[PDB]
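First come two forms of one protein chain, each written alone as C-alpha cells, so that there is a structure 1 and a structure 2.
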Structure 1
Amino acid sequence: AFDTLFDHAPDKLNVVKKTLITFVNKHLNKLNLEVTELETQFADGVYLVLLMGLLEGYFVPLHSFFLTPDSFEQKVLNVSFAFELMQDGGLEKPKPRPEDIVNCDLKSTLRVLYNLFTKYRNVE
C-alpha cells in the first residue's frame, strides 16, 4: 500500500504526516522534546532511539548511543541501533538502509515511522 499512497495520493499523505507528528509528540513530549517536521528531525537517529524506549518501556543508557551525534557515521550507528531495537521488539528488519534515514529520504523516514504507529498506536 505505502508506495502507492506516497507517490499518488497527496491528501492522504498529509493526513499520514499529521497523524505521525501527533503520534511522535505524544511520546517525545514526555521528555520535553517536540517534533515540528518529519523531514529532518529523525535523521540523526536520536529521536528514534528515544521513541523506541518510550514505546517499549525501557531507558537506553546514554553510553549505548550518541545523544549528540557529531558525524554521519555516528548518526548511522544511532539509526542502526534503533533498527535493532525495533527487531528486538518483534518488527521485521526495516526496508530502508540506515543511511536512507540519515540522508533525509522522506519516503524511508515515513515508512519507518508509519510501521511504528501501526504497532504502537495504542500505547499510553
Structure 2
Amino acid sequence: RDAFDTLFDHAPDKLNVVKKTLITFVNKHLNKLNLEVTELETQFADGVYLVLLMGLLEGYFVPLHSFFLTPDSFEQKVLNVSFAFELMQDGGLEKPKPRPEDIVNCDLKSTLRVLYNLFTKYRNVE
C-alpha cells in the first residue's frame, strides 16, 4: 500500500491535480520531440512514449532496432514497457511497482506511479 491507493480510496476527487501535474511534466519533455500527450489513461499504454521519454531525460539515443515504434500486438507493447522499465533502472530509479502488463492494460494507478517516479527524479531537468 502507498499514497496512490489512499488517493483512489479516500481522495479520488484529487485525481485531476495529480494528472494535470504529471501531464505538464511529460509534455515539457515530449514537446522537444514534437510529441504531445492529451490523456494519461491510454497514451502511455503501448510503451513508445515511455521509451522515448527515458532516452531524452537520460541523454541516451535509443535506436529503433531496440524496441517497437509501431507495436501491433499485446506482446510488442509489453516488450516496449519492459524496455522502458529497464531504462528507468539504468537511470538510477528503483524497479517500478507495476508489471509491464499493468501499463499495457491502461491501469491508471500503475500509470500514475510510473510517471510520478519520473517526475520526482527528473523534476529539475529544463
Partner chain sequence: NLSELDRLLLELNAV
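Here, rigid core means the biggest group of C-alpha atoms that superpose within 1.5 Å across both forms. Residues that one form lacks are left out of the comparison. Each residue is numbered by where it sits in the sequence of structure 1, with counting from 1.
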query	finding
Pair member which, unlike the other, is the form deposited with its partner chain bound	2
Per-residue C-alpha change between structure 1 and structure 2, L106, threshold 2 Å, rigid core fit	no
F117 C-alpha shift between structure 1 and structure 2 of 2 Å or more, rigid core reference	no
Residue shift check between structure 1 and structure 2, rigid core fit, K18 Cα at least 2 Å	no
Cα shift between structure 1 and structure 2 at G45, which is computed once both forms share a superposed rigid core (Å)	0.3
Cα displacement of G89 between structure 1 and structure 2, core-superposed (Å)	1.0
Superposed on the rigid core, segments between structure 1 and structure 2 of at least 3 residues with Cα shifts of 2 Å or more	1-3, 5-7, 10-13
